[PDB]
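Participant: I would like to see how this sequence folds:
(5 chains, ligands or ions: 34)
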Amino acid sequence: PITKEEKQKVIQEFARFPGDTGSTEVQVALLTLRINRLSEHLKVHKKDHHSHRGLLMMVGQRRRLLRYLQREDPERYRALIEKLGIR
Amino acid sequence: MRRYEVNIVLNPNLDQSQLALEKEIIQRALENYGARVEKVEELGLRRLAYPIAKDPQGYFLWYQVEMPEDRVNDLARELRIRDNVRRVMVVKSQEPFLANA
Amino acid sequence: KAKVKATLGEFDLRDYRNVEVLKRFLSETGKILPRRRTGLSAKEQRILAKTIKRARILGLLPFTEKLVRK
Amino acid sequence: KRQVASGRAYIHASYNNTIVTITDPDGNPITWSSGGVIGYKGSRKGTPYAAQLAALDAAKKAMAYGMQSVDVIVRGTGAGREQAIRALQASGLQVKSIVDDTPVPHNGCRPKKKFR
RNA sequence: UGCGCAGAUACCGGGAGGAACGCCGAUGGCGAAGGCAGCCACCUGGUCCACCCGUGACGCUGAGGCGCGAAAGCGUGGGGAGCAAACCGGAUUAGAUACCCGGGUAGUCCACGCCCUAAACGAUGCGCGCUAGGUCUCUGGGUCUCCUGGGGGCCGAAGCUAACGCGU
Ligand SMILES: [Mg+2]
Ligand SMILES: [Mg+2]
Ligand SMILES: [Mg+2]
Ligand SMILES: [Mg+2]
Ligand SMILES: [Mg+2]
Ligand SMILES: [Mg+2]
Ligand SMILES: [Mg+2]
Ligand SMILES: [Mg+2]
Ligand SMILES: [Mg+2]
Ligand SMILES: [Mg+2]
Ligand SMILES: [Mg+2]
Ligand SMILES: [Mg+2]
Ligand SMILES: [Mg+2]
Ligand SMILES: [Mg+2]
Ligand SMILES: [Mg+2]
Ligand SMILES: [Mg+2]
Ligand SMILES: [Mg+2]
Ligand SMILES: [Mg+2]
Ligand SMILES: [Mg+2]
Ligand SMILES: [Mg+2]
Ligand SMILES: [Mg+2]
Ligand SMILES: [Mg+2]
Ligand SMILES: [Mg+2]
Ligand SMILES: [Mg+2]
Ligand SMILES: [Mg+2]
Ligand SMILES: [Mg+2]
Ligand SMILES: [Mg+2]
Ligand SMILES: [Mg+2]
Ligand SMILES: [Mg+2]
Ligand SMILES: [Mg+2]
Ligand SMILES: [Mg+2]
Ligand SMILES: [Mg+2]
Ligand SMILES: [Mg+2]
Ligand SMILES: [Mg+2]
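Facilitator: Numbers count the residues shown, from 1 in each chain, chains lettered A, B, ... in the order given. Ligands and ions are numbered 1, 2, ... in the order given. Sure, the structure comes next:
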């Protein structure tokens, strides 16, 4: 799955300051981690639709957070995008 | 890794040569699959509740291991290959849920 | 009639290898006794079912028996 | 011509018939009777009377082979399943034990429309 | 009708193969719906509770679109035990193109691709806020006769309804 080790590695990579766990950046990072885990899981297991729902919703939430960061401070949006390689 | 329990039931007719053979065969398989053995319980001769392979008894082995998860299934395959090995069941270890405590 | 949990000690509901205790939860036949007769909780029965089935695959507890009566 | 003197008596009891087999302790049969073996032909075969007379015919056929001790196995439900046992007891055969081994599936095979 | 002297049925032993999981089993659980019951392991989605830690309105709905979608049915290749449309018989009957009985092909199962319906039902769209309680239950937490969340039920305040009824 996704152990707390990998998790904290990601949170700590994207934290806007130490002790930050709820940044929009940290959020879209974590989201995109599970997104890629799920998509790789769905390259095989194509016939598993009930998880595929999970993925649709995840991309939804990711795009809402990104659409927020775009509106508020676009510079950090471009930094995040360029760091994760999205869009 | 995770920590599992390997139950193995084999034919209760083996002399010392064959039993030592099947057992060190299980050792070798576990080595090849990367299983660190934390403890072992050799129960041995036990009357089965029903005939298995027409044999009314079974020789019981219980292992507690820690090993890579993605290698569990393959491991079980490798175990069931032996003729003398009759039951293979690997279970993920669990906390001993008490009742009537 | 007394219930099984009532007349029993502190036992591990998850241990599939303990036949001496599990055999207390089967009927005359190999069936699993309802919670009305076992005195277990919803969760407790849910766990017992699985551990009994695991033990049945090991040849430790039977799948079914024969009724000696009638 | 065998002299088993002890064995098994199987009561197969359906709603359309009751038939009795009598075997040695290893399961191999000796003699048997049924609802049609005695005179009855139609629905009258599944009656408990026919169960009695079938049981007794088979028990007398067991006497000549020397049967005294008998273990009774019972498969099925139906009229005269009990009546066949009660006939088996007063048959002069000492009944060692009685078991119900009626085969029930674990929901494996789809039954006929009649049974759903 | 059918099967049985080429020895069936009933019984014991060995073997093959397909399908479905008895008891647990619930008035129970999970899921967005369709739906999901042997067991083990792997991958994997949702959801709930406690802490009050982080972001700072990022929210709700949602025409189009896209994905899912019981059964039946369609295509190719498998498979094929039991059941079983069509169909072949036997009965019943005024007739029997049926209910009942003996058979039996598709199909029911697998893979991959179609099809997109339904009493697809809670015949009750989604989200939030407010409005007595009592009782049964599933599952968390707690200073654990109880208190406090989240589901599933039954009575019922205020109120609503044509009425039946609905009623945190
Ligand atoms: Mg083997
Ligand atoms: Mg008859
Ligand atoms: Mg009755
Ligand atoms: Mg039915
Ligand atoms: Mg003939
Ligand atoms: Mg003929
Ligand atoms: Mg012929
Ligand atoms: Mg047989
Ligand atoms: Mg087989
Ligand atoms: Mg075949
Ligand atoms: Mg049930
Ligand atoms: Mg705060
Ligand atoms: Mg602030
Ligand atoms: Mg929505
Ligand atoms: Mg739409
Ligand atoms: Mg469909
Ligand atoms: Mg279908
Ligand atoms: Mg087809
Ligand atoms: Mg075909
Ligand atoms: Mg048929
Ligand atoms: Mg038919
Ligand atoms: Mg006809
Ligand atoms: Mg006619
Ligand atoms: Mg008429
Ligand atoms: Mg429905
Ligand atoms: Mg409305
Ligand atoms: Mg929503
Ligand atoms: Mg309530
Ligand atoms: Mg508590
Ligand atoms: Mg629900
Ligand atoms: Mg409630
Ligand atoms: Mg009123
Ligand atoms: Mg009401
Ligand atoms: Mg409120």
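Participant: Can you show me the strands along chain A?
Facilitator: With DSSP state E as the definition, chain A shows no strands.
Participant: Chain B too?
Facilitator: Under DSSP E, chain B gives strands at B:2-10, B:36-52, B:55-67, B:85-92, B:98-99.
Participant: Please identify the residues of chain D in proximity to RNA strand E?
Facilitator: D:8, D:10, D:12, D:19-21, D:23, D:26-29, D:32, D:34, D:73, D:75, D:104, D:106-114 (CB under 7 Å from any atom of the strand). In this view, the C-beta of every residue, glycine as well, is placed from N, C-alpha and C.
Participant: For residue B:53, list the residues it contacts.
Facilitator: The contact partners of residue B:53, by CB atoms under 8 Å, 6 or more residues apart in numbering or on different chains, come to B:11, B:86.
Participant: scratch that, residue D:46
Facilitator: Residue D:46 makes contact with D:14, D:15, D:16, D:17, D:18, D:35, D:78, D:79, D:80 under the criterion CB under 8 Å, 6+ apart.
Participant: what does residue D:13 give?
Facilitator: Per CB under 8 Å, 6+ apart, neighbours of residue D:13: D:51, D:74, D:75, D:76, D:77, D:78, D:79, D:80, D:81, D:84.
Participant: Buried among these? Need that as a selection in PyMOL.
Facilitator: Buried residues within these, by 16 or more other CB atoms under 10 Å in any protein chain shown, are selected in PyMOL with:
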select buried, chain D and resi 51+74+76+78+79+80+81+84
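Participant: from the contacts of residue D:13, which two are the most distant?
Facilitator: Using CB to CB, the two most remote members of those are D:75 and D:79, lying 14.8 Å apart.
Participant: quick one: contacts for residue B:22?
Facilitator: Residue B:22 neighbours (CB under 8 Å, 6+ apart): B:10, B:14, B:82, B:84, B:85.
Participant: Using neighbour counts, trim the residues you listed to the buried set.
Facilitator: B:10, B:82, B:84, B:85.
Participant: could you pull out the helices for the chain?
Facilitator: Going with chain A. A:4-14, A:24-43, A:49-72, A:74-84 (DSSP state H).
Participant: my bad, chain D
Facilitator: D:48-63, D:81-89.
Participant: distance between the longest one and the chain's centre?
Facilitator: By that I understand helix D:48-63. Distance, stretch centre to chain centre, for helix D:48-63: 8 Å (CA atoms, centre = their mean, to the nearest Å).
Participant: so, in contact with ligand 2 or not, it?
Facilitator: No - judged by CB under 5 Å from the ion, helix D:48-63 and ligand 2 are separated, with a smallest distance of 8.9 Å.
Participant: From what I see, residue B:56 and residue B:47 are in contact.
Facilitator: Yes - Residue B:56 is in contact with residue B:47 according to CB atoms under 8 Å; the separation is 6.7 Å.
Participant: Contact residues of chain B facing ligand 1?
Facilitator: Checking chain B against ligand 1 by CB under 5 Å from the ion, the hits are B:80, B:85.
Participant: what's the spacing between the residue of chain B found nearest chain D and ligand 2?
Facilitator: Closest residue of chain B to chain D, CB to the nearest CB: residue B:50 (14.1 Å). Residue B:50 sits 36 Å away from ligand 2, going by CB to the ion, to the nearest Å.
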